[PDB]
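Each chain is listed here by its residues.
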Amino acid sequence: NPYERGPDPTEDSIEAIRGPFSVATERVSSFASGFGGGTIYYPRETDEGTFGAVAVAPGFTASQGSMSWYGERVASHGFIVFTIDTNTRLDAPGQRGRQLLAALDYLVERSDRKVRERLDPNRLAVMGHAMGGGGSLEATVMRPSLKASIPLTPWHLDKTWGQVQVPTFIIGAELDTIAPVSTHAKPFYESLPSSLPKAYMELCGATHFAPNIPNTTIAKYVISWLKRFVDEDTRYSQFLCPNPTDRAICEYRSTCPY
Ligand SMILES: COC(=O)c1ccc(P(=O)(O)OCCO)cc1
Ligand SMILES: [Ca+2]
């Protein structure tokens, strides 16, 4: 696999706050086309090859600051991470989906040469919290060539997602009362195609805002999902299949094996 980066993983390595790569940043003006700008986190070391990229959207009435801890943590494992701001704080999930795509197109077409030279434009992914998680679902319908999708405590009014063909990892929060898992996260997961590589992880005692602070349970499996599907890195299947049994997880579902 020409896309494998970093040494062979252990459960300690995927739980490490800092991965094998050092990270630099690049700020993007809000006058970028089609989204509200943001911050690009990228691995500095270039001798292992180019990397895939993930655009990360915040929730309703939130900014990239609520998602900033994903920047260095995920990028240090070998990824370009773009925490974006939206055009307005009130943008809906469909709008956030379009803006995740515009952020990715920015990386491919308009980003700084330091980012462009490190990017593989064929291996892109989306992630989002709350309404941004609904935008992550929307973006996969809008661009089926995406490699992975991670809706974090997602909010969306539409409960059926049977046309998604992008591998999708939904994280729910047990005590979420803003986007309850019974009416958002779980219906979304169950409506994804039964043949799709997918998973649902519910966090014990977590609130709707659990994704907004550093969480090792979230981070270790976000890293494993992006490795498995953006990098085609089967070295990380061991952490995804069979279903994780971490104490912080109160329910896990998957279409393992993959
Ligand atoms: C029904 O009330 C609303 O307008 C509404 C407000 C927030 C969200 P959500 O994005 O999931 O949480 C915010 C995370 O920054 C969904 C709907
Ligand atoms: Ca703009």
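Notes on the structure follow. (Residues numbered from 1 in each chain as written, not as in the entry; some residues may be left out. Chains lettered and ligands numbered in written order. Heavy atoms only, no water.)

1. Structural notes on the environment of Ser-68
- Inspection of the secondary structure puts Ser-68 in the loop between β3 (51–57) and α2 (69–75).
- Distance in space between the C-alpha atoms of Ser-68 and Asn-212 is 8.3 Å, their sequence separation being 144 residues.
- Only 3.1 Å separates the side chain of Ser-68 from the backbone oxygen of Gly-65, close enough to count as a polar contact. (Helix = DSSP H or I, 4+ residues; strand = E, 2+ residues; numbered from the N terminus. Polar contact = N/O pair within 3.5 Å; in protein donor to acceptor, adjacent residues only side chain to side chain.)

2. Overview of the coordination of the calcium ion (ligand 2)
- Bound to the calcium ion (ligand 2) on the protein side are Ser-30 (O), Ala-32 (O) and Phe-35 (O), at distances that span 2.3 to 2.4 Å.
- Here the donor residues for the calcium ion (ligand 2) map to a single chain with the spacing S-x1-A-x2-F.
- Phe-35 sits in the buried class, given a relative accessible area of 1%. (Donors = N, O, S within 2.8 Å, 3.2 Å for Na, K, Ca; no water. Buried < 20%, exposed > 50% of the residue type's maximum accessible area, 1.4 Å probe, protein only.)

3. What to know about the site of ligand 1
- Taken together, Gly-59, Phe-60, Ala-62, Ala-130, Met-131, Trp-155 and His-208 make up the full set of residues near ligand 1.
- Interatomic distance of 2.6 Å between a backbone N/O atom of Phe-60 and an oxygen atom of ligand 1.
- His-208 is positioned with one of its side-chain polar atoms (N or O) 3.0 Å from an oxygen atom of ligand 1.
- Relative to its free-state accessible area of 430 Å², ligand 1 is covered by the protein chains to the extent of 67%.
- Of the residues in the shell around ligand 1, the class split is five nonpolar, two polar and no charged. (Near = heavy atom within 4 Å. Areas by Shrake-Rupley, 256 points an atom, 1.4 Å probe, with all protein chains shown as cover. Nonpolar A, V, L, I, M, F, W, Y, C, P; charged D, E, K, R; others polar.)

4. A word on the packing of aromatic side chains
- Counted under the stated rule, the structure contains 12 aromatic pairs.
- Here the aromatic rings of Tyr-189 and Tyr-200 are separated by 6.2 Å at their centres, their planes lie at 40°, and the arrangement is tilted. Remark: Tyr-200 occurs in strand β8 (residues 198–203) and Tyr-189 occurs in helix α6 (residues 185–191); sequence separation between them is 11 residues.
- Judged by relative accessible area, which is 4%, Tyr-189 ranks as buried.
- Here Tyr-200 falls in the buried class, since its relative accessible area comes to 0%.
- In this structure an aromatic cluster arises from ring pairing among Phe-169, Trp-225, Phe-229, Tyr-252 and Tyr-258.
- Positioned above the aromatic ring of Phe-51, the side-chain terminus of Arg-5 is 5.9 Å from the ring centre.
- If you follow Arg-123 out to its NZ or CZ, it ends over the ring of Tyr-3, 4.1 Å from the centre. (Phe/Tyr/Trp six-rings, centres within 6.5 Å; stacked < 30°, edge-to-face > 60°. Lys NZ or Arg CZ within 6 Å of the ring centre and 35° of its normal.)

5. Brief notes about the nonpolar core
- The biggest cluster of nonpolar side chains holds 40 residues, and the ones touching the most others in it are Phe-169, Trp-225 and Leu-226.
- In terms of residue count, helix α7 (residues 216–230) provides more of this core than any other element does, nine residues in total.
- When sequence neighbours within four positions are dropped, the list of residues in contact with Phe-169 reads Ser-149, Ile-150, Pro-151, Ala-199, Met-201, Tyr-221, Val-222, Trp-225 and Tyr-252.
- The next biggest cluster of nonpolar side chains, apart from the first, holds 37 residues, and it includes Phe-35, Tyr-42, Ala-139 and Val-164. (Core = buried A, V, L, I, M, F, W, Y, C linked by side-chain atoms within 4.5 Å. Contact = heavy atoms within 4.5 Å.)

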